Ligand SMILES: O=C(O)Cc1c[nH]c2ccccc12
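There is one chain below, alone, in structure tokens, taken in the form deposited without the named molecule.
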């Protein structure tokens, strides 16, 4: 069940926008960033797992565990608050992106209504999730594998046009936007759901089979035209398989929205003390619906969220927590699970954590963050806020 979870927790959302980042980065840089960020995501997932195990063992020596609870148990209350805020904001923006993707996908099969009306309808539809897993874990694997291997097969059949030009990396802003989009792509394994290793690393290598051939085949066939089309289904010819992929993606995004709204809603209920009940969750829906309408961007929003929220939520905070919790010598002496010998032991783990923090801050948040924000403002200037249809001819 663990493998099924990580397969489509956060890969389906970014699968359609991957060719956009590939075109922004070039083929070589895109592949290299994909591999590097897959490795980094697997490492951060391992760090989170070991932290969870350590916290559980410490609690047992003297419900469902949550990341903020782990931080509270290990480091302190300040880290608890930091992790709670970051996780809540990340979930809110993930829901926003899910609604945006739902509207963008549903537009293509039925283009009678502009994207704005579609997001209105979908926001109204998901407002009913307030009134509202293991079995669906397998299903999500099946609905994302079809899309990943439909973009590859369909794109190759389409072939290269007589005038497609692969510009490659032309501006630093676009390059770093694509890099941050990949970073966001590989921030799904760190999701704390489905927590009781090299065996679990086989989940990320599988995710690399969905993302590598799909992004390389779509970008290769359509050249640099992907820059103006964040959603890869716009360029592909209309066919029954495209409609099947759109329907599967819509179902996946709707179910993921419903499932990932539960923790944010629980946190809101605890904060407000409500613990008839639909009214309490209404004010939480309002920010999500408004954000999707005002910023219907499909790829730029992914890049901005990955740069600002994910970079700290799933990359820097886990590394800092692992470094600080095990900093005392007694903590390492009584460690429940020693680091694997293949990664250099304690010295290697600390060096890797330092490198991860430095990288995700200098280029994962500074260069990447600046580039993503500049691109977001550029799209705001181009299509304007409350745009009727984002990237629609």
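Numbering follows the first chain given and starts at 1. Each form is matched to the other, and the largest set of C-alpha atoms that superpose within 1.5 Å is called the rigid core.
Beyond the structure shown, there is the form solved in complex with the named molecule, which is absent from this document and is the topic of what follows.
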Just superimpose the C-alphas near the binding site, carry the named molecule over as positioned in the entry with it bound, and say whether the shown chain is open or blocked by the 2.4 Å backbone or C-beta rule (3+ atoms for blocked). blocked
Among 150, 175, 254, 90, which has any heavy atom within 4.5 Å of the named molecule in the entry with it bound? 90
Just to be sure I understand the contacts: of 250, 84, 260, 203, which is the one whose heavy atoms reach within 4.5 angstroms of the named molecule in the entry with it bound? 260
Quick one: find which of 167 to 175, 184 to 192, 213 to 221, 285 to 293 has residues within 4.5 Å of the named molecule in the entry with it bound by heavy atom distance. 184 to 192
Triple contact flag 9, 13 and 98 to the named molecule in the entry with it bound, non-hydrogen atom at 4.5 angstroms: yes
Of the residues 190, 97, 71, 218, superposed on the core between the shown form and the other one, only the C-alpha of one moves by 2 Å or more, and that residue is 190
Against the displayed form, residue 96 vs residue 190 by Cα, in the entry with it bound, with 3 angstroms or more change: pair is closer
Since the C-alpha distance between residue 86 and residue 190 changes by 3 Å or more in the entry with it bound, give its direction relative to the shown form: closer or farther. closer
